[PDB]
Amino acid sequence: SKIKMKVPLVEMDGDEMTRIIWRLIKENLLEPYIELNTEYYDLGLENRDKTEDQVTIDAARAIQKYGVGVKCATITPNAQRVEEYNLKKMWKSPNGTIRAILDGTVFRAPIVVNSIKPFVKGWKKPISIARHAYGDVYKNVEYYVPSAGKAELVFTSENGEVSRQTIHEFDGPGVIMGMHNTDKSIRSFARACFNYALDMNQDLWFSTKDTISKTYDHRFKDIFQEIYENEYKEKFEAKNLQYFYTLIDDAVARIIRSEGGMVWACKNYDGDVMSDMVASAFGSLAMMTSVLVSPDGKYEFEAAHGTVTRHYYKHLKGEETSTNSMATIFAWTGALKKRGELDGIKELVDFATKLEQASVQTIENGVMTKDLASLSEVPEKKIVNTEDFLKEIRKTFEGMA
């Protein structure tokens, strides 16, 4: 008899290679054990295009309603993808949108396995990213300037006052952009990182470029220090774990040089880049969990990598792939784990935790996709294609479940 679910998972379907893998994961690792209850939204590019991105919006709202989302990597359009898919427009990141609607903090952490040695010598313990989910460049407005004139950054009070600053005097074509974040949102971001480093029992690092961005970045600096001063210093000193702030360039540099083991808070953009640096450096983009947690307690689970286009094209040429499903497995089990917790289905959480251990265990035993092949200390090794990796995880799981 399959495991039964109460509240539905919001399920958001994706693109290209992850879309393929999303289906294989449901059919081989989930549906045979759980009567999967989800509310389906197809965030595939083709469907986002048919519904003029309305589906993305509805899927956000549904996460708010039911409380947990799991989301497949999707394509974010640019001139190339507009051409490739004949899009009505260059749609905004659906992750940007969902994130804007929920607010919150995306937590990303490698998926560790004993016999998988990181590229960076001396990385002995996981490094977590705590990425601010809201604003900055993900909510920019930009403008191409066609020839000479005047760019201005402009604010108009609810009262009367206006201030204008000059962005630049063009005597030629170039680009401009404006963007924003809100203290409310920084404040949630800072508490979320502090909470999280405690929950994890580690130092929190935070970093920006406050010396160059003297008010915007400088705000994030201040709010963190404030929130730390009179809201966490106490609990922190208590556990003997420090809060560490430095310049973003300095921070990457010390990260590379550390043994890992800290939580690393980053503004939106930096969190994007650094979650790729850290997953890759730990082993593979696929070996990393990602969950958005809204201030208001809602969750979206995802992969941190994108849609593996390159692999997708190879698959379309008829080649076989070796694409690593770990991150999207873990998104499903993360989401199912949380669904269970909230609805009091112990069988769902033990299922999820067991499925997670089977997965890691499978790689520990030397069966893994190409991306890990060269990091493994396992003598006898078995590099498998995309499907076989999943069949093999299923084997190890069934034998221990």
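Don't overthink the numbering: it's just position in the shown sequence, from 1.
S.K.: Tell me which stretch, 156 to 164 or 265 to 273, has the higher mean Cα B-factor listed in the entry.
M.R.: The entry gives the higher C-alpha B-factor average to 156 to 164.
S.K.: Higher average CA B factor in the deposited record is what I'm after, so tell me if that's 146 to 154 or 248 to 256.
M.R.: Stretch with the higher mean C-alpha B-factor: 146 to 154.
S.K.: Can you pull the Cα B-factors for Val106, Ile223, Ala73, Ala109 from the entry and say which is highest?
M.R.: Result of the comparison over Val106, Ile223, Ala73, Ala109: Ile223.
S.K.: Have a look at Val308, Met288, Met177, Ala331 and flag the one whose Cα has the highest B-factor in the entry.
M.R.: Largest recorded C-alpha B-factor: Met177.
S.K.: Sorting the chain's CA B-factors, does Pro94 end up in the lowest, middle or highest third?
M.R.: Lowest third.
S.K.: Going by the recorded CA B-factors, say which third of the chain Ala281 sits in, lowest, middle or highest.
M.R.: Its C-alpha B-factor belongs to the middle third of this chain's values.
S.K.: For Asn181, return the chain-relative third of its C-alpha B-factor as stated in the PDB record: lowest, middle or highest.
M.R.: Ranked within chain, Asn181 CA B lands in the highest tercile.
S.K.: When the modelled residues of the chain are sorted by Cα temperature factor, does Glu52 land in the lowest, middle or highest third?
M.R.: Tercile = highest for this residue's CA B-factor.
S.K.: Place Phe206 in the lowest, middle or highest third of its chain's C-alpha B-factors, as listed in the PDB entry.
M.R.: As the PDB entry reports it, the C-alpha B-factor of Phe206 lands in the lowest third of its chain.
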